[PDB]
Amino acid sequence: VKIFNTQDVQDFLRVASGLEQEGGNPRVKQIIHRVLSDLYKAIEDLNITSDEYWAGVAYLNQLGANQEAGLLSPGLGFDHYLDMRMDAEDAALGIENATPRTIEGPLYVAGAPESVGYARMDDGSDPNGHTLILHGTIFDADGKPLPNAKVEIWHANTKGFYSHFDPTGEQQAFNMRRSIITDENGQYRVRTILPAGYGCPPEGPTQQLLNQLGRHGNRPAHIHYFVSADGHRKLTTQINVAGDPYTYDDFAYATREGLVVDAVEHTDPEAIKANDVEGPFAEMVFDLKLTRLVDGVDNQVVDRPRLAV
């Protein structure tokens, strides 16, 4: 069956998209018209049957019903694709991104408590939590330590769950989520625990689709960062714990060279005492370098729906 190219289908697409209507948002009509045309044509080229089509429609209800559209998005590469475009755009502007950007993920929560230079991020409720001392320096576009920079950090516990999105009931609010203002030396330091990789809800629609593609829904253990400072663009990035089995096989394709960091284990009394910890702990050091605004504006900040508490 080949009717996509006929006038009847072509005119129909314009009507359905409201291209004839006077009211509405032209930008939305422009996008809808293109997306519907491509889908109508894809249904024809791939000879998608009504049975297949309705299975897709049902999937869609299920995806939104479980609020996983933002989990499927990175899984299908969109999130990373958008970063590639941003990288291509910076490269064209001659902007050299000292610290590579990567995806934000759908689990950011605004409102975390903030403090200067230091904070403990966890409430010690994770029975199997291994102490992690994470610290580093923030450099401005000139390569100079930058005090007063806001470093936002969030990560999962040893079960791969984030506060506010923990499927097993509650975690204290903002557990493992803190905002840290860099100190006089442009440094930040946090005490938290080593996160475990995140895994998509096994029975959720995202995992269901990934199974049909022969793919897993796992992420290596990682820690999220937002770094913002006057005169600089907002940096969105992450660090992956070196050695993780999924370091180079992340279902969200967010891992990058330069973002893989080693977690050094300390067990000697001198180190333990010096960082005033109660026992053996891991240490990770990670510095971030920011880029300047482009003609006074941040050409890459993303405004997207984020939970606020």
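Note that residue numbering follows the sequence shown and begins at 1.
Comparing the deposited coordinates for 31-39 and 238-246, the stretch with the larger average C-alpha B-factor is 238-246. Higher average CA B factor: 82-90, of the stretches 82-90 and 217-225. The entry lists C-alpha B-factors for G56, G70, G279, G64, and the highest of these is at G279. When the C-alpha B factors of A274, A252, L60, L46 are read from the deposited coordinates, the top value falls at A274. Among all modelled residues in its chain, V116 ranks in the middle third by Cα B-factor.
In the deposited entry, the Cα temperature factor of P100 places it in the middle third of its chain's modelled residues. The deposited CA B-factor of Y162 belongs to the middle third of values across its chain. In this PDB entry, the Cα temperature factor of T192 sits in the bottom third of its chain's modelled residues, the lowest group.
Among all modelled residues in its chain, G169 ranks in the highest third by Cα B-factor.
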